[PDB]
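Structure first, commentary second.
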Number of protein chains: 4
Amino acid sequence: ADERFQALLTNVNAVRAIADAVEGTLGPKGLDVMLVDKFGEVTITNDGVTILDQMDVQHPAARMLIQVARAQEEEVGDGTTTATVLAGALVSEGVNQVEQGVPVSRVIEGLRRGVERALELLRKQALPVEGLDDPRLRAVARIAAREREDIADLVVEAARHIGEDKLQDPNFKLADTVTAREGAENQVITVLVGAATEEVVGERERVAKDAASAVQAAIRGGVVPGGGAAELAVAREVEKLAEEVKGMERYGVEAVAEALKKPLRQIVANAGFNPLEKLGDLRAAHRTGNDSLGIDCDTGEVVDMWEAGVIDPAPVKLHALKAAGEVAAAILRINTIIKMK
Amino acid sequence: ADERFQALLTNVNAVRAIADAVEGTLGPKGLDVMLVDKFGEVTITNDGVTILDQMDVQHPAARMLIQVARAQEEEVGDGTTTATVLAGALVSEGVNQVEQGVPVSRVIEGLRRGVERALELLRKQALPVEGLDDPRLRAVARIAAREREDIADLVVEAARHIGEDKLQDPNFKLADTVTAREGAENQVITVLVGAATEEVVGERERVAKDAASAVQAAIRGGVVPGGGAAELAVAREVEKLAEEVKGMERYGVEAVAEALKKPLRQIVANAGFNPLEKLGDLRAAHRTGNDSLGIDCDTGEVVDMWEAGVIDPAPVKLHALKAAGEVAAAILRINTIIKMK
Amino acid sequence: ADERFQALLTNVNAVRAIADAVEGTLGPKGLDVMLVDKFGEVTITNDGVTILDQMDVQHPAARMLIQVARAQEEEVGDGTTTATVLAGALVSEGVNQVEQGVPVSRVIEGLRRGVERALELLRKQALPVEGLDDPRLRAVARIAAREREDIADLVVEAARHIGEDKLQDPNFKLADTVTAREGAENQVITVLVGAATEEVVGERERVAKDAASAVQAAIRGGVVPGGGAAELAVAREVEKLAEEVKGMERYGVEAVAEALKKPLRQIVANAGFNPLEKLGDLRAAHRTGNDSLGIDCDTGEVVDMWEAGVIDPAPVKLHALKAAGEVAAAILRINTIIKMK
Amino acid sequence: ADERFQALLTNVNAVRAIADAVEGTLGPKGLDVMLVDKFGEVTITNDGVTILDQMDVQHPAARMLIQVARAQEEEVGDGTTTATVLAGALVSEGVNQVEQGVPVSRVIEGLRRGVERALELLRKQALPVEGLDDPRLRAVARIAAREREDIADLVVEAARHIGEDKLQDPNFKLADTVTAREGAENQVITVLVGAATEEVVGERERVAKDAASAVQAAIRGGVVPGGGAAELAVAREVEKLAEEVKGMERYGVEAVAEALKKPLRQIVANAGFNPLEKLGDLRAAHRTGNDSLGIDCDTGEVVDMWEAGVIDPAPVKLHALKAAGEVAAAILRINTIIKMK
């Protein structure tokens, strides 16, 4: 019986190891991560899409996490680091509840129901954007471009050059029509991103594609209050569902609720504030009936995110949580490890 | 800095040891504790007063819990088990929250307001008893008599023979008006309680005084749904209070709320049922607006405590919670241990 | 040279340990200390005077600080805890400079001048109280009364009864005019202090003692903004003195400057706030030219201490700083330890 | 959490080691450093640039600082020593704050704004050079030429041969317009620098470029009082801003403020004096309202650096501080180290 639980725990530690390596890269004030070879070559990156690919992943439980997260990347080209951290949080709290005594089969179904409710509520909470000149697009472009307005303005300028219905085509990807070249200026003819040297072209191109995907998702499915405020907003309702759920299955709904607190908790933690005290006051002001109250990452105060400008696309946040649930259930189900031929 | 926490944790482990020695005796299906001497003599007893009186305690921190519990006993003469287990749960959750990073002073000042609101809600929820012919007096006498009705009937008979305003006198304790004599019958002349042999008198007198105290407190302060249901009734609102308080203070209101679940959790555990699942379906059926819904100790089916006839006097619980909160606060403040002259 | 310094460090650590045993009792939200015997008896106390009197002292360096602090008690009967903390901080910030390479003889004289200028500024900053009807006397009684207004009202009534010039008499102590008896009410005949039982008399007599000494000192010297605000108010002046002093001796003036913020560091550390961040919010309105702002102990917001009412008399703080400077100068001078005949 | 800090401390110690091998070469009497391979060859040199170029670097943090320092060299041809020393100081007393409990993210942005303000004061303090006949050019050429006049004279002669407006061309560098030949005399035809033998031409060629670049920057940006006086002058101002910065973030500005003293501190220390007292006696000369007062490296008596003739160009100092701040942020922002494919 302990062997069945032990086989689950080592799977969790593999997922947690990957989830812990990218959690420092969350938010506008994320911390970069050092990557090292045996030869000694090193790259410094604050983006998750690259750290997950360039990182060693030898435990076979982590390979599924990377594959599912980059499938989410293949869909919309953003939100891999949120999905990985949410999957890690869900699996961590699930194994914690299993340690308490809850059977794993109960936790799996509780997680399934809680994640389904969370997707429902996040879909219902996202409101559609009113035209393209509405500067919520300019807001969600800036956050995706590492707070560099030079790329952010040109992505929205290209978006206005394309149009609305021409961007509503499912077969058309705006990321593939951007290109970065060295020694050029910022013009759109094909989106030409200027770069100084030849070595800096890669990261400028990558952030150009990230802003491209963000602005695409903004038209495709609306916007959500970023910074994890929407995650807390759905976490409270998932807790209410947990109180609604019968039997031992509820302890998985609590696992969904606590895992939805991890993105905002780490947004605060990486910003350099105490996560617990700055979550307490954030829950303090949420009694007014509005569920769009976040925390600014510079002064640490409770401020509504619509005026702060911290906005996130809706499809990316929906699909990150969907993938996190799908790749937490699959890793919780595994109970034995056997060898082959 | 670690010594301040280690100084606290050693004090807590003294408190947890006392609680673990008594929390097995809760409920109508409690498990006795066997006490051994140097000589090898035995003392089989399920009464918390007895075990707390004759138990060897050496830690200075553990002495305060017993002193507070016996001071509680001097007031009404019952409820020491609930006080001990609640104090243990409160300080255990307090140190658990301190380990997460919350400073101890915030935990203490959150415990204070949480316990105050819990006392307020328990006092409100108490329902007075209409006359002595009401069967609730029969139930509260039966429960105090270890579910042996022969003492239960004579206690209520004596209560009716004395009177309402005579019982209302604060100076008169009817636990002194009971005497057990071997070889006699059960009659009132002085409440004479029959016993078989001289060795049966020792425990028969104790249970007679316990029943006397229960019946007296029932008239003085009404009744509360027993079996731990009222604890969850007030905990569900202490979680709203925790969601009503700003800042790091809230992490102690959660400690009050979770500590209030330990009574019913340990009633269910001692009854031979899994406490997590049996607590899960308790919250499912609490949505009807009634807060007096609990768990029967034999069939495991959730049933409302009024019809089931499991009732616990109000003051024995209010004073017990107040004592547990005061001793938990007093033991959490301690941060340094040093030696005397 | 090393054994000369190691002789100072051993004396420093003895002073550090005694100052460390009584830091946590400072401030209104201070924590208590468990004093244990070999016998097994206990004494919970948050009074610094009791801890210093009753806690063992075997290292001879500590006894000098104890004697100086209890001499400060013999002067006006309060402020021993502040004196001990200030002496510990001064000695710590002195040895930290000797570690950096500053000679001890320069630190001693820099500390002398820094303490003298700090005393001068604290004396200049004191505000004399207008009559005994002004509410700051009530505040000074309350702060010495651990937020129990029952003692505060009777002591202030007695203070107004006696008269102004009668209170001015240097041979008249209000110390001896109080007495606590069990089972009595609160009235003045000779001030009769009420108490519940015989065991409560010992601490309630000390409470009346401290309140009487606080109101005693208030008439003579007026008031100073309590809660450590005035220590910060003079710390910046000592910093400008350090920026006035010439040579290696200046680094003793900064030892005085940083030692004066230890009381306010510890008041917020004991309050459950982070001292590093709560010193990075007090310097907001200190730029406005007023030097009467501190930190309130429950919510942590910065507010003027005149409005908050945390007011502590002038003579007790002045003499506590003088005693701390005297013992800090006396203990730093020791450079060798030798045995007698 | 310790692993995230251990990764940072490992990174800091790498910067400390590369930094630690350089600062002995600061000031007019820097101490040269020996370099050895397995073959046992010798390379005695007191120049920072060659020391950083030929030194074996294994840690990636050393590689990042190497790249930034040689980029600073590519920009203006000098200032690598001050850049690496200031970077080491900023990183060292940034992690010193992290040990105290300050979060890394707050220290990073505090470093950012403190360095920005230090750049502001340093830019404003630079006074414009009045023609080339002004002997401040001669002074900076002298201090650039290892206190040798034979290279001081021909550099300024070649400069005045060109003309005023021709040195303002950003596309023209005069560091490439100097060639050293063996057995020749000192004249300009192309500045011909003579040498004794072929083996001596290497070091003469290097000092010729250094002296050329000093006057290259001097006409462009003016003059700033060198020898660490400008650093101390801006350190007091960024201290004043630290008193203005609000929150936990101020402890990064304090790190910038005290890290700016490291150049002057080590110029004094390499002189064979005690830096602790020589920093103390420099704060008397700064109370007169003017901020040009530094320390002569020979007699130890503080003297005005204008009259003493110790001078540095403005652009080299500004860019050294900018590079030091940028690399300090880039190495402080790394949180964990992982391995690659």
For A:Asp312, distant residues with modelled amide H under 5 Å away: A:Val224, A:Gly226
Estimated inter-spin distance, C:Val303 and D:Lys166, nm [label 7 Å along Cα→Cβ]: 7.4 nm
Approximate spin-label separation B:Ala1-D:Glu120, in nm, with each point projected 7 Å along Cα-to-Cβ: 3.3 nm
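Need one number: % antiparallel among DSSP beta bridges in the stretch A:101-238, to the nearest 5.
Of all bridge pairs located within the stretch A:101-238, approximately 40 percent are antiparallel.
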Charge context of D:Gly194, other residues only, Cβ under 12 angstrom, K/R +1, D/E -1: -2
Assigned charges on the beta-carbon of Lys, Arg, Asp, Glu; chain B dipole about Cα centre (debye): 1260 debye
Phi-based couplings in Hz for the stretch C:235-251 (Karplus 6.51, -1.76, 1.60; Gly and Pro marked x): 5, 5, 4, 5, 5, 5, 4, 4, 6, 9, 6, 10, x, 5, 5, 4, 6
The stretch D:181-340: Cα Rg divided by the 2.2 N^0.38 Å rule of thumb: 1.33
Nonlocal amide H pairs with D:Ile295, under 5 Å, H built at 1.01 Å: D:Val303
From the C-alpha gyration tensor of chain C, square roots of 5λ in Å: 34, 25, 18
Ellipticity estimate at 222 nm from DSSP helix runs (n ≥ 4, -39,500 (n - 2.57)) divided over chain D, nearest 500: -19000 deg cm²/dmol
Cα radius of gyration and Dmax for the stretch A:1-118 (Å): 15.7, 48
For the stretch D:34-185: Kirkwood Rh in Å [reciprocal of mean 1/r, alpha carbons]: 19.3 Å
Those GluC sites (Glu not before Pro) in the stretch C:269-341 that DSSP places in a loop and that have at most 14 other beta carbons within 10 Å: C:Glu301
Nearest-20 debye value, the protein assembly as shown charge dipole, Cβ charges on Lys, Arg, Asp, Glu: 480 debye
Whether the stretch A:124-181 is rounded, prolate or oblate, judged on the alpha carbon gyration tensor where a/c under 1.5 counts as rounded: oblate
Under 9 Å, Cβ to Cβ, from D:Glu149 - net charge with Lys/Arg +1 and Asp/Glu -1: 0
Residue (of C:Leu9, C:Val310, A:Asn96) at the positive-pole extreme of the protein assembly as shown, dipole from beta-carbon charges: C:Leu9
Derived scalar couplings ³J(HN,Hα) [the stretch D:156-166; Karplus, 6.51 cos²θ - 1.76 cosθ + 1.60; whole Hz; x for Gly, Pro]: 5, 4, 4, 4, 5, 5, 7, x, 5, 5, 6
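Please go through the stretch D:1-88 and write out the GluC sites (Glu not before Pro) that DSSP classes as loop and that have at most 12 other C-beta atoms within 10 Å.
When the GluC sites (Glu not before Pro) of the stretch D:1-88 are filtered for loop state and at most 12 Cβ neighbours within 10 Å, D:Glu41 remain.
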Dipole in debye (nearest 20) - the stretch B:93-212, about Cα centre, beta carbon charges: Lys, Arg +1; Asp, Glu -1: 560 debye
Antiparallel bridge percentage (DSSP; both residues within the protein assembly as shown; nearest 5): 70 percent
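What per residue convex hull volume, in Å³, do the alpha-carbon atoms of the stretch A:218-293 yield?
Taking the convex hull of the Cα positions in the stretch A:218-293, it is 114 Å³ per residue.
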Estimated D of the protein assembly as shown in µm² per second, where Rh is the Kirkwood radius over Cα pairs and Stokes-Einstein applies at 10 °C, 1.306 mPa s: 43 µm²/s
Radius of gyration and maximum dimension Dmax of the stretch C:114-260, Cα, Å: 19.3, 64
Rg to Rh quotient for the stretch C:198-252, alpha carbon positions, Kirkwood Rh: 1.30
Pairwise label distance in nanometres, C:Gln67 with C:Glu149, each label 7 Å out on the Cα-Cβ vector: 4.6 nm
Placed amide H near D:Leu127: partners under 5 Å, 5+ positions off or other chain: D:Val223
Where trypsin sites (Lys or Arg not before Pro) fall in DSSP loop in the stretch D:30-95, at most 12 other Cβ within 10 Å: D:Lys38
Total formal charge among the other residues, if their Cβ is under 11 angstrom from that of D:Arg265, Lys/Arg +1 and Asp/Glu -1: 0
Relative contact order of the stretch D:35-157, defined on C-alpha pairs under 8 angstrom at six or more residues apart (%): 11 percent
Average projected area [Cα convex hull, the stretch B:1-59], square nanometres: 5.0 nm²
When the stretch C:176-270 is reduced to its Cα atoms, the Kirkwood hydrodynamic radius in Å: 16.7 Å
Projected area, mean over directions - the stretch D:69-145, Cα convex hull, nm²: 6.8 nm²
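Don't worry about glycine lacking a Cβ; one is built from the backbone with ideal geometry, like all the others, and counts go over all protein chains shown. Values quoted throughout were computed directly from the atomic coordinates according to the rules given, and no laboratory measurement underlies them.
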